[PDB]
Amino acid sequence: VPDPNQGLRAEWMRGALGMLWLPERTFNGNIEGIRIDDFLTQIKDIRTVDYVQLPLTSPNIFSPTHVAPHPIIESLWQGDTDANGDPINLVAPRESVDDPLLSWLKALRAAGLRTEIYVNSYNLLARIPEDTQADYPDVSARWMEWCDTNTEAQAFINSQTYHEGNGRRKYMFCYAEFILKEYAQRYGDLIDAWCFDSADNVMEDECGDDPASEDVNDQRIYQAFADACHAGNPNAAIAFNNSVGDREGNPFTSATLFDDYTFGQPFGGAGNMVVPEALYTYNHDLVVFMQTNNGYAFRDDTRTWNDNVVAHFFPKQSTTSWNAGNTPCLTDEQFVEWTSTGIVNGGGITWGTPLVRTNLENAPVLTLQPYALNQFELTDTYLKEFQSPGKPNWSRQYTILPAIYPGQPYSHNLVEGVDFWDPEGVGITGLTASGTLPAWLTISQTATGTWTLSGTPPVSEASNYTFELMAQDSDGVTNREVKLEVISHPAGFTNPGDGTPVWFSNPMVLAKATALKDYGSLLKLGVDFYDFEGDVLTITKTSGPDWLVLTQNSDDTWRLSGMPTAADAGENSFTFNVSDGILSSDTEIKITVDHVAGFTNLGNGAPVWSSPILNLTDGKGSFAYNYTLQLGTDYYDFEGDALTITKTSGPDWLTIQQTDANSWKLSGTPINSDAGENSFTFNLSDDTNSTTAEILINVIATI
């Protein structure tokens, strides 16, 4: 401090277009199996987009919830469960199950895109200590309890004098060293940028740091957070949200000693960033500021060290939120205008791009709103023609080639209009390479506009290649660095020789299913199934009980779901085929189905109720009463036989009727004359046996 590489490592952000892909409610294994591949297929034709912002933590009160596995965060869970059997206090994916973030990071890299990572600065600490979160009530307390009762933690806290101070300062340093650093070191250079929201809210307003100060001692939490990220990738760009700047001056609040780029929160609070009307002026002037200052935020002030800090904006495309929204806030013409003013010879914009449905608990559709794609494709057309005129433009940030498979036929296409284009529309007149190339590699035009890198490497090939790839139009040549890497096979698989796609083991024992509960198990490439030649693979269910449903999530991830009934109890056997189109191999899949807990098995083969007396919710005088009895909560059969509930005794007002296969509805209006405890008996009978239970409703008289 001060860093000579401050802002210079964010040099790529000048002229960069960004997007936001953010799912909501990521707690308790909801994020396990979630993939970005659907989004990337939808944005295929967008060729001028440079990066995508991903979460590590969620915003606001959802800051403890993580989308990446960590042993310290996983130990905070302690195996807590609810009434249904689902996890509680699990604010991360389980390390044994899935790393969803790594999947997205690799998929974005394969798409030729850089990454920005969202982390809310409040993190595992609770934003509102007075509030308790229904899905994770104890996590924040348990994180605090871990920090002042661990040998490795206390040795770090005591290691420096500045670590303790006002508020929850000691826990903030703990997150940077043990959680944030361990994450950054794992993913390496797959993360290009970090943005830290609510930075001033917790680091300044609670923990007593000064973001305005030039002194290193005043920005120690800022140091701890930045150095943690630089431990994994030293070239990672860092931003802190120290709120919006001044409308009557610099629209970005002045940089800390650890800001590579400006977080760039728009003017106005929640909701529309252009309505009311004055906010349009403020936020567009911010965009114009980026243009006037060539994408450098702080070349106006009297400070020398912040001269390379990149001007960057984080707006909302919609009228409501950053990650979702039904309505655009700007018109098609305005959206293109705002972006081009902001980035073309300016700075960078990460557009808060709305998805259809972000709630993972409510059938998530994690692809763009049709308008968001519409506005982005129109912007894409403009930037293709006008951002870098003359010489050819290479798409996005990287051009990624397939891995070298020794002895195997290599072939990859690079398409005009896709990987590269002449901005003026005459056309690409040729593509050649320069540098240390493979001897087997051939570059030729197979069709009009499509160039092919083909050939067959020898079995002895075990060296990586790095060379420039030159694309030509009538104006000149643009270079793009392309890499070739030899494939590294995962351990635990035996190469069959002939190139048959192989399963890990026969048979395969997966996690235990439970009756009347939605099952969740993943099948991942390089873990459960593998192809030694890297062909695109298909999994098929061939035999077994009907309940198990197979769905594809991505090229490397498949999901097993479905609800087993009471009839499916015991060991279940399945056959699953992995194929490449030529060759295939089968395996046996073994999933044990347990009965619903709480219900007592009599042995007579008879149905059973949850209790001898079912004490229902209170009723009200002259008000309509509703209660639904569900299978596996109130009543259960151990064989899975069709069940019928009939009334046998009790007051006239309450009657029963079947809603569906699982549920039976109790309805009727009680009056003030029916006040007090109301006794009922109901009979549950299948094809043979029968059983009775008492139902108790306390009718309250309205006075």
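Residues carry their position along the shown sequence, with the first being 1.
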Got a sec? Mean C-alpha B-factor, which is higher, 103-111 or 574-582?
574-582
Quick note on 462-470 and 241-249: per-entry mean CA temperature factor is higher in 462-470
Highest-ranked of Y382, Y171, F267, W421 once sorted by CA temperature factor in the record
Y171
Choose from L190, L378, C147, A403 the residue with the greatest Cα B-factor as stated in the PDB record.
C147
Temperature factor at the Cα of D660, chain-ranked in thirds, falls in the highest
By the recorded C-alpha temperature factor, relative to the other modelled residues in its chain, which third is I671 in?
highest
For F27, the third of its chain by CA B-factor is the middle
Among all modelled residues of this chain, ranked by Cα B factor, put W322 in the bottom, middle or top third, i.e. lowest, middle or highest.
lowest
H70: which third of its chain by C-alpha temperature factor?
highest
